[PDB]
Amino acid sequence: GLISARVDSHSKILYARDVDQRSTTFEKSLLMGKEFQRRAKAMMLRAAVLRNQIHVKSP
Amino acid sequence: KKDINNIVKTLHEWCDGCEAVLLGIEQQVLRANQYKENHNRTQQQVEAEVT
Amino acid sequence: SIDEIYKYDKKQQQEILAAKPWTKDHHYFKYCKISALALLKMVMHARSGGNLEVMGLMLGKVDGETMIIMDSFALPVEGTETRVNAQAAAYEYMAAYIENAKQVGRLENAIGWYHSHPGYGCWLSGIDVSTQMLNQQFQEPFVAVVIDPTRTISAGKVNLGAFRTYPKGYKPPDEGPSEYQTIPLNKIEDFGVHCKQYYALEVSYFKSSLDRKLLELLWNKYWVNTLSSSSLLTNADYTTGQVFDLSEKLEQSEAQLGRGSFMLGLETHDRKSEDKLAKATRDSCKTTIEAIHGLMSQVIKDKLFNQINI
Amino acid sequence: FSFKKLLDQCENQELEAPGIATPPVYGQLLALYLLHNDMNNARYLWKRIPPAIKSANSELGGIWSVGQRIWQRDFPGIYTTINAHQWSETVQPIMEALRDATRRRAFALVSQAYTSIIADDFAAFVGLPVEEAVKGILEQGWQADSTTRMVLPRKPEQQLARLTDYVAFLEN
Amino acid sequence: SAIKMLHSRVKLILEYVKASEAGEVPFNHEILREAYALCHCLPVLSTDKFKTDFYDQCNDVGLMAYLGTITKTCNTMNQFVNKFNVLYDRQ
Amino acid sequence: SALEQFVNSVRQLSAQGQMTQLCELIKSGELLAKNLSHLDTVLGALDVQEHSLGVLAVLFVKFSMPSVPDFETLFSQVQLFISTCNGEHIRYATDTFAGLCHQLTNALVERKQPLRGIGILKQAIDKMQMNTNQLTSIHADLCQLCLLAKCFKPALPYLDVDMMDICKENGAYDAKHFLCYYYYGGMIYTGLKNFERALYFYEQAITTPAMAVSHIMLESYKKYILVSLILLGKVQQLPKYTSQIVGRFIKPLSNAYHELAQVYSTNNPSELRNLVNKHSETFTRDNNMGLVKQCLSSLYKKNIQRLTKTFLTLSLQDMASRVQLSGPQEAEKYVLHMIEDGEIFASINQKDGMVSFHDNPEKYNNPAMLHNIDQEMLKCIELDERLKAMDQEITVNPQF
Ligand SMILES: [Zn+2]
């Protein structure tokens, strides 16, 4: 649901989270950065597995 | 009264602050331009190759 | 002499003007000797033109195998990049100017077409390719003098190309540059229709020693301005549109890289070729370099203003 | 450093002795691991070391007991495994080093991990007692708390390089 | 503008305070009070919060700039992949 | 005993013409008497150069007493070639040299000491492999060995590098080199607990072209999806260019982790242990017991991470019901983990043992975070640079 909010359940109160622009942007930024970098080496090694012509023959 | 020593000593110091930081950016640019030279240089080399 | 080329030998210049080497080979003009009037109001009147396209008459001459741009600049006008032979309508400028320019010893005559596509170039589009081609069969020696204002804003270099287009009947020989450039939807099709019908001139620049001393002395008090760009402050939410355009600029690539059409190529229409990713490429390059502008500006200002020394 | 230096040395010891090295080599490896708080690679070693030659190092027996504790980390028992044997040159000169490492470590534990801390906590963490705890909160600037033991551990060009690299990338 | 204007100005000012020491010029209080306040406020604008938000600038700017550069990175990645598809990808 | 006079011919090839078949001829019978030692006696033409591999393989020609004390002596002796003149020309007889090294691996994994071959021979390995600790033949061998002697740090130089330009070198390499080596890597960064790295390894190995079934592939599946659930918050999704035969063969075989992801969704400890008893075989199969405790760790991961953004501070006994904190006191050791295992922006409100979520690491508001970004930048920039170089190279392809 719409909960942009927090609760100290020790407090028994809700506390609406402020929608972060800056550091949420930082979050997504380095998230996609790590994703892209993993996938960078990933596609490098996929280009390898395809250039290296390796396939797991059934027998 | 007669401050001349300190004040005179002093002008260059401020100048040095700007000089140092500004220079750092300058050289970084210079090196970058140098890269430009090699990049353009290689580009020209390929140009030569095409003929 | 350094002033040996500033010498406008109206004799020699108009001699090679009536020389018609282009009718013998339309690739004779390989050079384009320019005096910096082109850069002058070309630059600041493409930029001061906002986004309004312009047109008209360039001052200049010819030397050896060289077109010469003594002048090129912009109008406070529009319509260029889509006008049926735009440039003509500003020639009234040196319909008068050059005339009594001769009254001061500017015995030059009209040579070319000043213009600017504020924000996206200085050239002749599809209808202006009608302009360019028709006029080079009208007006040769004629050039597509090409430099982009906002490209020269976020680029740091003047990509000048004097594009004597290949007249109808004359194909690009060995040397046709044909500077491919990312065009809006209005004229990209007609550029593909005419992208390989022009070559570039070896655009050199000529000046005096006083010119060099003046530019150095310019820098010698502009450096204070250098550390006051003061570049971030200029485009506060500009880049937002940039960003909101740039991803759409990126969606440009998307637009030409979205498609299911399997088959063998682009095999329906020019897409073409997988596409517009190069468009978004130039987009990302220019926008990150303008970010470079802002950041180096404000950061080096900190480097000098905020703290140097006592 | 002596921790890292000695541990690398003991590594080379195990590497070059045979996976059969000296039992004191074993205890030194394990003590240096715990100096570095190693728990998984230490368990590799334990699963990579001759258990006969391990028990040859009964000091290493106590050291693996202490590693078990650092795997569990109930503190007084950790130091009791510590304070079973205190062997110079294979055990104890870095036994002290590791109790001190735990001092700084559980120290930050008190400070940052504990908003409030029971003095018995860090009294177990390295042995520094509760009155030692009052002295420590007072010396590092940490609020004491009486009647509760909820004592208060008080939490205490270059850019042109990157920018010209932006350019050099775009202006490759 | 301010920067290099007062750059030449303060090179002049160094020669000029050497003169006001002495030169001509005698010992000078104009230099004293005026350039004293000037230089000994320097490096002015070297404050903190202030440069804190300067680094906030730097964070956002480097963020988005490297964002675009990442975009160009994966761009040339796709470029290579498309040349692959031309020469190599048989799908 | 005609196995004597090859030194002159090798001098007539070493510092001379071809060395490839010079090294891969020993022709000679290939299963000889004492002359093998006599080839070991007189075969080293100039020095312990490229051809001294000939002497080595000749010693292999027996395969009697394979990992006997020569397993170290000739080991260093091989290291002699591996040190003296292994040379960048490791690959005259590439696949033969590789399989010979595998013979060393065979004998040693067999008998005595899977400990020290790493640097003793990675000399000539890097004389073969170039940059990223690039997998030639013997890398499966080496990670095999450090899996025997469970010390994986020495290959962590080779391990932590996500290698590229892998030195398969078209011979002196098998697909099972990849298979073994990277299931090794997954195993290790499981024990190393860089589980996402193993997720990467096994996703690549599976999306890699394949047609057969294997507990290479089956256990790649295993540790991969263990990462996806035990490590990760919950089920990883199907990769992009996955292999066909998986869905053909191994995906229908995948009932293990069908029930895995199922019970993970279920949050049932009882069915947890039921599936545990189910696959206790795989639990035992490769010293890989404790996978159940791993899944339970992921359980508490789910519970905690759930409660994280939802709360600020909670009763550990109440959250003993929530996360399964086993009372607030076992939850005391749990909160211990929270501030302990890099688990929470929160501290010990030991007055009430309270644990207030913050998630306030950085706005990159320290320039060191800006340089975090900077090394991000380093990676992505050199990445695009090599993208351009390879794009070139496809342009470098012979067209038409
Ligand atoms: Zn037109």
# chains A, B, ... in the order shown; residues from 1 in each chain; ligands from 1
call {"tool": "residues_near_ligand", "arguments": {"ligand": "ligand 1", "cutoff": "8 Å", "atoms": "only C-alpha atoms and all ligand atoms", "output": "list in words"}}
result
residues 80, 81, 82, 83, 84, 85, 86, 124, 125, 126, 127, 128, 129, 130, 131 and 132 of chain C
call {"tool": "residues_around", "arguments": {"residues": "residue 48 in chain A", "least_positions_apart": "5", "cutoff": "12 Å", "atoms": "only C-alpha atoms", "output": "list in words"}}
result
residues 41, 42, 43, 53, 54 and 55 of chain A; 134, 135, 163, 164, 165, 166, 167, 168, 169, 175, 178, 204, 205, 208 and 209 of chain F
call {"tool": "write_last_selection", "arguments": {"atoms": "N, CA and C atoms", "output": "CSV table (one decimal), in the first residue's frame"}}
result
chain,number,residue,atom,x,y,z
A,41,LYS,N,31.0,-7.9,-17.5
A,41,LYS,CA,31.8,-9.1,-17.5
A,41,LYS,C,31.0,-10.3,-18.0
A,42,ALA,N,29.7,-10.3,-17.7
A,42,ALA,CA,28.8,-11.4,-18.1
A,42,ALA,C,28.7,-11.5,-19.6
A,43,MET,N,28.5,-10.4,-20.3
A,43,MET,CA,28.4,-10.5,-21.7
A,43,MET,C,29.8,-10.7,-22.3
A,53,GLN,N,32.9,-21.6,-28.6
A,53,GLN,CA,32.2,-22.6,-29.3
A,53,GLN,C,31.9,-23.8,-28.4
A,54,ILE,N,31.8,-23.6,-27.1
A,54,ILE,CA,31.6,-24.7,-26.1
A,54,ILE,C,30.1,-25.0,-26.0
A,55,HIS,N,29.8,-26.2,-26.1
A,55,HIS,CA,28.4,-26.7,-25.8
A,55,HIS,C,28.5,-28.1,-25.2
F,134,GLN,N,43.7,-16.2,-16.3
F,134,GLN,CA,42.8,-16.7,-17.4
F,134,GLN,C,42.9,-18.2,-17.5
F,135,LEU,N,41.7,-18.8,-17.5
F,135,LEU,CA,41.6,-20.3,-17.4
F,135,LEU,C,42.2,-21.0,-18.6
F,163,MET,N,37.8,-13.5,-14.5
F,163,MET,CA,38.7,-13.6,-15.6
F,163,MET,C,38.1,-13.3,-17.0
F,164,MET,N,38.8,-12.8,-17.9
F,164,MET,CA,38.4,-12.6,-19.3
F,164,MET,C,39.7,-12.8,-20.1
F,165,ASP,N,39.5,-13.0,-21.4
F,165,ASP,CA,40.6,-13.5,-22.3
F,165,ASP,C,41.0,-14.9,-21.8
F,166,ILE,N,40.1,-15.7,-21.3
F,166,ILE,CA,40.4,-17.0,-20.7
F,166,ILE,C,41.2,-17.8,-21.7
F,167,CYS,N,42.3,-18.4,-21.2
F,167,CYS,CA,43.3,-19.0,-22.0
F,167,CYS,C,42.9,-20.5,-22.3
F,168,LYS,N,41.8,-20.7,-23.0
F,168,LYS,CA,41.5,-22.0,-23.5
F,168,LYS,C,42.4,-22.4,-24.6
F,169,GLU,N,42.8,-21.4,-25.4
F,169,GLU,CA,43.9,-21.5,-26.4
F,169,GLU,C,43.6,-22.7,-27.4
F,175,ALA,N,35.8,-28.0,-22.1
F,175,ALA,CA,34.6,-27.4,-21.5
F,175,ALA,C,34.5,-27.7,-20.1
F,178,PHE,N,36.2,-25.2,-17.7
F,178,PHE,CA,35.2,-24.2,-17.3
F,178,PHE,C,34.2,-24.8,-16.2
F,204,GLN,N,26.1,-17.9,-15.7
F,204,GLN,CA,26.8,-18.0,-16.9
F,204,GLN,C,27.1,-19.4,-17.4
F,205,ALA,N,27.4,-20.3,-16.5
F,205,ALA,CA,27.6,-21.7,-16.9
F,205,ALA,C,26.4,-22.3,-17.5
F,208,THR,N,25.5,-20.5,-20.7
F,208,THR,CA,26.5,-21.0,-21.7
F,208,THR,C,25.9,-22.1,-22.5
F,209,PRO,N,26.3,-22.2,-23.8
F,209,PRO,CA,25.7,-23.3,-24.6
F,209,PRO,C,26.0,-24.7,-24.1
call {"tool": "interface_residues", "arguments": {"of": "chain E", "to": "chain D", "cutoff": "8 Å", "atoms": "only C-alpha atoms", "output": "number ranges by chain"}}
result
E: 65-66, 69
call {"tool": "closest_residue", "arguments": {"among": "F:113, F:265, F:244, F:288", "to": "chain D", "atoms": "only C-alpha atoms"}}
result
F:113
call {"tool": "closest_atom_pairs", "arguments": {"of": "chain D", "to": "chain F", "cutoff": "8 Å", "atoms": "only C-alpha atoms", "output": "CSV"}}
result
residue,atom,partner,partner_atom,distance
D:15,CA,F:116,CA,6.2
D:16,CA,F:116,CA,7.3
D:18,CA,F:113,CA,7.4
D:19,CA,F:115,CA,6.1
D:40,CA,F:191,CA,7.4
D:41,CA,F:151,CA,7.5
D:44,CA,F:150,CA,5.4
D:45,CA,F:150,CA,6.8
D:47,CA,F:150,CA,6.9
D:48,CA,F:150,CA,5.3
D:112,CA,F:347,CA,6.3
D:113,CA,F:347,CA,4.6
D:114,CA,F:348,CA,3.9
D:115,CA,F:348,CA,4.5
D:116,CA,F:350,CA,4.9
D:117,CA,F:350,CA,5.8
D:118,CA,F:350,CA,7.3
D:148,CA,F:351,CA,7.7
D:150,CA,F:351,CA,5.3
D:162,CA,F:374,CA,7.4
D:169,CA,F:381,CA,6.9
call {"tool": "write_last_selection", "arguments": {"atoms": "C-alpha atoms", "output": "compact mmCIF listing (two decimals), in the first residue's frame"}}
result
# COMPACT_ATOMS: atom_id res chain seq x y z
CA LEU D 15 52.37 -24.36 2.56
CA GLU D 16 55.97 -25.53 2.60
CA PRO D 18 54.59 -30.96 3.75
CA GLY D 19 49.24 -30.31 4.09
CA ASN D 40 35.67 -19.27 7.98
CA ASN D 41 39.20 -19.50 6.57
CA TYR D 44 39.12 -24.24 6.32
CA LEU D 45 42.49 -24.59 8.05
CA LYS D 47 39.44 -28.79 8.02
CA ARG D 48 42.81 -28.50 6.27
CA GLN D 112 28.42 2.35 18.31
CA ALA D 113 26.65 -1.00 18.67
CA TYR D 114 25.53 -0.15 22.19
CA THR D 115 23.41 2.93 22.26
CA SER D 116 23.38 2.04 25.94
CA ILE D 117 25.61 -0.73 27.27
CA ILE D 118 25.63 -2.95 30.32
CA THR D 148 20.37 0.58 35.53
CA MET D 150 22.43 1.20 30.82
CA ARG D 162 37.70 13.09 -13.03
CA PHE D 169 35.84 9.51 -22.50
call {"tool": "select_by_dssp", "arguments": {"residues": "chain D", "states": "strand (DSSP E or B)", "output": "list in words"}}
result
residues 116, 117, 143, 151 and 152 of chain D
call {"tool": "write_last_selection", "arguments": {"atoms": "N, CA and C atoms", "output": "JSON list (two decimals), in the first residue's frame"}}
result
[["chain", "number", "residue", "atom", "x", "y", "z"],
["D", 116, "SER", "N", 23.03, 2.24, 24.55],
["D", 116, "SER", "CA", 23.38, 2.04, 25.94],
["D", 116, "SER", "C", 24.03, 0.67, 26.07],
["D", 117, "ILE", "N", 24.95, 0.54, 27.02],
["D", 117, "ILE", "CA", 25.61, -0.73, 27.27],
["D", 117, "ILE", "C", 25.57, -1.08, 28.75],
["D", 143, "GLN", "N", 28.83, 8.63, 28.37],
["D", 143, "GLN", "CA", 28.00, 8.88, 29.53],
["D", 143, "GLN", "C", 27.79, 7.61, 30.33],
["D", 151, "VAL", "N", 24.64, 2.15, 30.68],
["D", 151, "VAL", "CA", 25.62, 3.21, 30.49],
["D", 151, "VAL", "C", 25.62, 3.65, 29.03],
["D", 152, "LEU", "N", 26.01, 4.90, 28.80],
["D", 152, "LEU", "CA", 25.81, 5.57, 27.52],
["D", 152, "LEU", "C", 27.12, 5.67, 26.75]]
call {"tool": "residues_around", "arguments": {"residues": "range 311-316 of chain F", "least_positions_apart": "4", "cutoff": "10 Å", "atoms": "only C-alpha atoms", "output": "PyMOL selection string"}}
result
(chain A and resi 5-15) or (chain F and resi 306-307+320-332+334-335+346+349+352-358)
call {"tool": "write_last_selection", "arguments": {"atoms": "N, CA, C and O atoms", "output": "tab-separated table (two decimals), in the first residue's frame"}}
result
chain	number	residue	atom	x	y	z
A	5	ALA	N	6.29	5.57	4.98
A	5	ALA	CA	6.14	5.89	6.39
A	5	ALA	C	6.89	4.85	7.20
A	5	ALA	O	7.30	3.80	6.69
A	6	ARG	N	7.09	5.16	8.48
A	6	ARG	CA	7.80	4.27	9.38
A	6	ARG	C	7.05	4.19	10.69
A	6	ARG	O	6.21	5.03	11.00
A	7	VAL	N	7.35	3.14	11.44
A	7	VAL	CA	6.75	2.93	12.75
A	7	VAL	C	7.83	2.41	13.68
A	7	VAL	O	8.30	1.28	13.52
A	8	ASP	N	8.20	3.21	14.67
A	8	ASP	CA	8.80	2.60	15.84
A	8	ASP	C	7.68	1.83	16.51
A	8	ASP	O	6.85	2.40	17.23
A	9	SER	N	7.63	0.53	16.25
A	9	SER	CA	6.67	-0.32	16.92
A	9	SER	C	6.90	-0.31	18.43
A	9	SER	O	5.96	-0.55	19.19
A	10	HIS	N	8.13	-0.05	18.87
A	10	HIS	CA	8.32	0.32	20.27
A	10	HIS	C	7.58	1.61	20.59
A	10	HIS	O	7.11	1.80	21.72
A	11	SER	N	7.47	2.51	19.61
A	11	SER	CA	6.75	3.75	19.82
A	11	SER	C	5.25	3.61	19.63
A	11	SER	O	4.49	4.34	20.27
A	12	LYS	N	4.82	2.71	18.74
A	12	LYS	CA	3.41	2.57	18.40
A	12	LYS	C	2.91	3.84	17.72
A	12	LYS	O	1.94	4.46	18.16
A	13	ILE	N	3.61	4.24	16.66
A	13	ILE	CA	3.26	5.42	15.88
A	13	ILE	C	3.77	5.19	14.46
A	13	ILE	O	4.76	4.49	14.26
A	14	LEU	N	3.07	5.75	13.48
A	14	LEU	CA	3.54	5.77	12.11
A	14	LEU	C	4.27	7.07	11.83
A	14	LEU	O	3.99	8.10	12.45
A	15	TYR	N	5.22	7.01	10.89
A	15	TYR	CA	6.16	8.11	10.64
A	15	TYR	C	6.40	8.14	9.13
A	15	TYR	O	7.25	7.41	8.63
F	306	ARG	N	12.09	-7.70	5.65
F	306	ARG	CA	10.68	-7.38	5.77
F	306	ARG	C	10.44	-6.31	6.83
F	306	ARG	O	9.98	-5.20	6.53
F	307	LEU	N	10.79	-6.63	8.07
F	307	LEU	CA	10.48	-5.72	9.16
F	307	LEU	C	11.27	-4.42	9.09
F	307	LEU	O	10.91	-3.45	9.76
F	320	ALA	N	10.22	-11.87	18.05
F	320	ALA	CA	10.49	-13.30	18.16
F	320	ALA	C	9.41	-14.10	17.45
F	320	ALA	O	9.69	-15.15	16.86
F	321	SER	N	8.18	-13.60	17.48
F	321	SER	CA	7.14	-14.13	16.62
F	321	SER	C	7.34	-13.71	15.18
F	321	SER	O	7.05	-14.47	14.25
F	322	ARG	N	7.86	-12.50	14.96
F	322	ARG	CA	7.91	-11.95	13.61
F	322	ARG	C	8.99	-12.63	12.77
F	322	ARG	O	8.69	-13.29	11.77
F	323	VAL	N	10.25	-12.46	13.15
F	323	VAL	CA	11.38	-13.03	12.42
F	323	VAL	C	11.67	-14.46	12.84
F	323	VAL	O	12.42	-15.15	12.14
F	324	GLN	N	11.01	-14.96	13.89
F	324	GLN	CA	11.41	-16.17	14.64
F	324	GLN	C	12.63	-15.88	15.52
F	324	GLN	O	13.57	-16.68	15.59
F	325	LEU	N	12.60	-14.74	16.21
F	325	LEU	CA	13.73	-14.31	17.03
F	325	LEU	C	13.96	-15.18	18.26
F	325	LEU	O	14.91	-14.90	19.01
F	326	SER	N	13.14	-16.20	18.50
F	326	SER	CA	13.38	-17.17	19.56
F	326	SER	C	13.47	-16.49	20.92
F	326	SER	O	14.40	-16.69	21.70
F	327	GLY	N	12.47	-15.66	21.19
F	327	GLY	CA	12.50	-14.84	22.37
F	327	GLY	C	13.42	-13.66	22.17
F	327	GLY	O	14.33	-13.69	21.34
F	328	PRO	N	13.19	-12.58	22.92
F	328	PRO	CA	14.01	-11.38	22.74
F	328	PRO	C	15.46	-11.59	23.08
F	328	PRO	O	16.30	-10.84	22.60
F	329	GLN	N	15.77	-12.60	23.89
F	329	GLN	CA	17.11	-12.89	24.36
F	329	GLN	C	17.94	-13.63	23.32
F	329	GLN	O	19.10	-13.26	23.09
F	330	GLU	N	17.39	-14.67	22.70
F	330	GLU	CA	17.97	-15.11	21.44
F	330	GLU	C	17.90	-14.00	20.42
F	330	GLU	O	18.83	-13.82	19.63
F	331	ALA	N	16.82	-13.23	20.45
F	331	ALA	CA	16.78	-12.01	19.66
F	331	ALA	C	17.80	-11.00	20.15
F	331	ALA	O	18.17	-10.09	19.40
F	332	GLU	N	18.27	-11.13	21.39
F	332	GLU	CA	19.39	-10.29	21.81
F	332	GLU	C	20.63	-10.61	21.01
F	332	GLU	O	21.28	-9.72	20.47
F	334	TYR	N	20.46	-11.90	18.24
F	334	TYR	CA	20.11	-11.57	16.87
F	334	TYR	C	20.42	-10.11	16.58
F	334	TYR	O	21.11	-9.80	15.61
F	335	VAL	N	19.92	-9.20	17.42
F	335	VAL	CA	20.28	-7.79	17.36
F	335	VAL	C	21.79	-7.63	17.40
F	335	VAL	O	22.36	-6.72	16.77
F	346	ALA	N	21.30	0.82	13.15
F	346	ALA	CA	20.68	0.84	14.47
F	346	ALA	C	21.76	0.47	15.49
F	346	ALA	O	22.79	-0.11	15.14
F	349	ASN	N	20.01	0.13	22.01
F	349	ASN	CA	19.25	0.85	23.03
F	349	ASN	C	19.01	-0.08	24.21
F	349	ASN	O	17.88	-0.43	24.55
F	352	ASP	N	16.22	-0.37	26.66
F	352	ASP	CA	15.13	-1.23	26.22
F	352	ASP	C	15.57	-2.20	25.14
F	352	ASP	O	14.72	-2.80	24.47
F	353	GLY	N	16.88	-2.36	24.95
F	353	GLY	CA	17.39	-3.22	23.89
F	353	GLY	C	16.87	-2.85	22.52
F	353	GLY	O	16.72	-3.71	21.65
F	354	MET	N	16.59	-1.57	22.31
F	354	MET	CA	15.85	-1.13	21.14
F	354	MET	C	16.79	-0.89	19.98
F	354	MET	O	17.96	-0.54	20.16
F	355	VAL	N	16.26	-1.08	18.77
F	355	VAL	CA	17.07	-1.17	17.56
F	355	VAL	C	16.35	-0.33	16.50
F	355	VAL	O	15.39	-0.79	15.87
F	356	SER	N	16.81	0.90	16.31
F	356	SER	CA	16.12	1.85	15.45
F	356	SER	C	16.73	1.87	14.06
F	356	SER	O	17.89	2.26	13.89
F	357	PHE	N	15.94	1.47	13.06
F	357	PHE	CA	16.38	1.49	11.67
F	357	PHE	C	16.73	2.91	11.26
F	357	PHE	O	16.05	3.87	11.65
F	358	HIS	N	17.81	3.06	10.49
F	358	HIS	CA	18.15	4.38	9.98
F	358	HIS	C	18.26	4.42	8.46
F	358	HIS	O	17.64	5.28	7.83
call {"tool": "interface_residues", "arguments": {"of": "chain E", "to": "chain A", "cutoff": "12 Å", "atoms": "only C-alpha atoms", "output": "tab-separated table (two decimals) with N, CA and C atoms, in the first residue's frame"}}
result
chain	number	residue	atom	x	y	z
E	56	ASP	N	28.10	18.79	-2.47
E	56	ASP	CA	26.79	18.27	-2.87
E	56	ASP	C	26.56	18.48	-4.36
E	57	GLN	N	26.81	19.71	-4.82
E	57	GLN	CA	27.06	20.00	-6.23
E	57	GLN	C	27.88	18.92	-6.90
E	59	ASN	N	28.76	15.95	-6.03
E	59	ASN	CA	28.15	14.62	-6.00
E	59	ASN	C	27.10	14.50	-7.08
E	60	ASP	N	26.15	15.43	-7.13
E	60	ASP	CA	25.09	15.36	-8.14
E	60	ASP	C	25.67	15.43	-9.55
E	61	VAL	N	26.64	16.32	-9.75
E	61	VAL	CA	27.18	16.54	-11.08
E	61	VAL	C	27.95	15.31	-11.56
E	62	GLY	N	28.91	14.85	-10.76
E	62	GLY	CA	29.63	13.64	-11.11
E	62	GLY	C	28.69	12.46	-11.27
E	63	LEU	N	27.67	12.38	-10.42
E	63	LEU	CA	26.62	11.38	-10.56
E	63	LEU	C	26.07	11.37	-11.97
E	64	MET	N	25.42	12.46	-12.36
E	64	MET	CA	24.69	12.47	-13.62
E	64	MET	C	25.64	12.39	-14.81
E	65	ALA	N	26.83	12.99	-14.69
E	65	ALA	CA	27.80	12.94	-15.78
E	65	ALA	C	28.28	11.52	-16.00
E	66	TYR	N	28.70	10.84	-14.93
E	66	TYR	CA	29.04	9.44	-15.07
E	66	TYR	C	27.82	8.60	-15.43
E	67	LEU	N	26.62	9.07	-15.13
E	67	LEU	CA	25.42	8.39	-15.60
E	67	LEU	C	25.39	8.37	-17.12
E	68	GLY	N	25.54	9.55	-17.72
E	68	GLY	CA	25.62	9.62	-19.17
E	68	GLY	C	26.79	8.85	-19.74
E	69	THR	N	27.91	8.84	-19.02
E	69	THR	CA	29.07	8.10	-19.52
E	69	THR	C	28.84	6.60	-19.45
E	70	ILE	N	28.12	6.14	-18.42
E	70	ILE	CA	27.67	4.75	-18.37
E	70	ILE	C	26.77	4.45	-19.55
E	71	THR	N	25.87	5.39	-19.85
E	71	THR	CA	24.98	5.21	-20.98
E	71	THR	C	25.78	5.04	-22.27
E	73	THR	N	28.85	4.00	-22.37
E	73	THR	CA	29.57	2.74	-22.23
E	73	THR	C	28.72	1.59	-22.76
E	74	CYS	N	27.52	1.44	-22.22
E	74	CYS	CA	26.62	0.40	-22.70
E	74	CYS	C	26.21	0.66	-24.15
E	75	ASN	N	26.29	1.91	-24.59
E	75	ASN	CA	26.11	2.26	-26.00
E	75	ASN	C	27.14	1.55	-26.87
E	76	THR	N	28.42	1.81	-26.63
E	76	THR	CA	29.46	1.14	-27.41
E	76	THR	C	29.41	-0.36	-27.21
E	77	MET	N	28.95	-0.80	-26.04
E	77	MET	CA	28.68	-2.21	-25.82
E	77	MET	C	27.71	-2.73	-26.87
E	78	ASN	N	26.57	-2.05	-27.03
E	78	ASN	CA	25.61	-2.46	-28.04
E	78	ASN	C	26.17	-2.30	-29.44
E	80	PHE	N	29.40	-2.77	-30.44
E	80	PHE	CA	30.12	-4.03	-30.58
E	80	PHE	C	29.17	-5.20	-30.78
E	81	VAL	N	28.07	-5.24	-30.01
E	81	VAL	CA	27.15	-6.36	-30.12
E	81	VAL	C	26.47	-6.37	-31.48
E	84	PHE	N	28.79	-7.63	-33.92
E	84	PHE	CA	28.69	-9.06	-33.69
E	84	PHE	C	27.55	-9.65	-34.50
E	85	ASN	N	26.35	-9.11	-34.30
E	85	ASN	CA	25.15	-9.55	-35.01
E	85	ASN	C	25.35	-9.55	-36.51
E	87	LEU	N	28.42	-9.75	-38.18
E	87	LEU	CA	29.40	-10.77	-38.52
E	87	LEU	C	29.11	-12.11	-37.88
E	88	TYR	N	28.54	-12.11	-36.67
E	88	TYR	CA	28.59	-13.29	-35.82
E	88	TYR	C	27.23	-13.80	-35.34
E	89	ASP	N	26.33	-12.92	-34.91
E	89	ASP	CA	25.09	-13.39	-34.28
E	89	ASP	C	24.15	-13.93	-35.34
E	90	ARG	N	24.01	-15.25	-35.40
E	90	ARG	CA	23.15	-15.91	-36.38
E	90	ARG	C	21.84	-16.35	-35.74
call {"tool": "interface_residues", "arguments": {"of": "chain B", "to": "chain D", "cutoff": "8 Å", "atoms": "only C-alpha atoms", "output": "NGL selection string"}}
result
:B and (21-29 or 32 or 35-36 or 39)
call {"tool": "interface_residues", "arguments": {"of": "chain C", "to": "chain E", "cutoff": "8 Å", "atoms": "only C-alpha atoms", "output": "PyMOL selection string"}}
result
chain C and resi 220-228+277+281+284-285+287-289+291-292+295+299+302+305-310
call {"tool": "interface_residues", "arguments": {"of": "chain B", "to": "chain E", "cutoff": "9 Å", "atoms": "only C-alpha atoms", "output": "PyMOL selection string"}}
result
chain B and resi 1-15+17-18
call {"tool": "select_by_dssp", "arguments": {"residues": "chain A", "states": "alpha helix (DSSP H)", "output": "VMD selection string"}}
result
chain A and resid 22 to 51
call {"tool": "atom_distance", "arguments": {"atom1": "CA of residue 24 in chain A", "atom2": "CA of residue 241 in chain C"}}
result
20.3 Å
call {"tool": "atom_distance", "arguments": {"atom1": "CA of residue 96 in chain C", "atom2": "CA of residue 69 in chain C"}}
result
18.4 Å
call {"tool": "residues_around", "arguments": {"residues": "range 177-187 of chain C", "least_positions_apart": "4", "cutoff": "9 Å", "atoms": "only C-alpha atoms", "output": "ChimeraX atom specification"}}
result
/C:81-82,120,125-127,161,163,165,172,191-192,195-200,276,278-279,282
call {"tool": "atom_distance", "arguments": {"atom1": "CA of residue 125 in chain D", "atom2": "CA of residue 75 in chain D"}}
result
5.3 Å
call {"tool": "closest_residue", "arguments": {"among": "D:46, D:85, D:27, D:154", "to": "residue 139 in chain D", "atoms": "only C-alpha atoms"}}
result
D:154
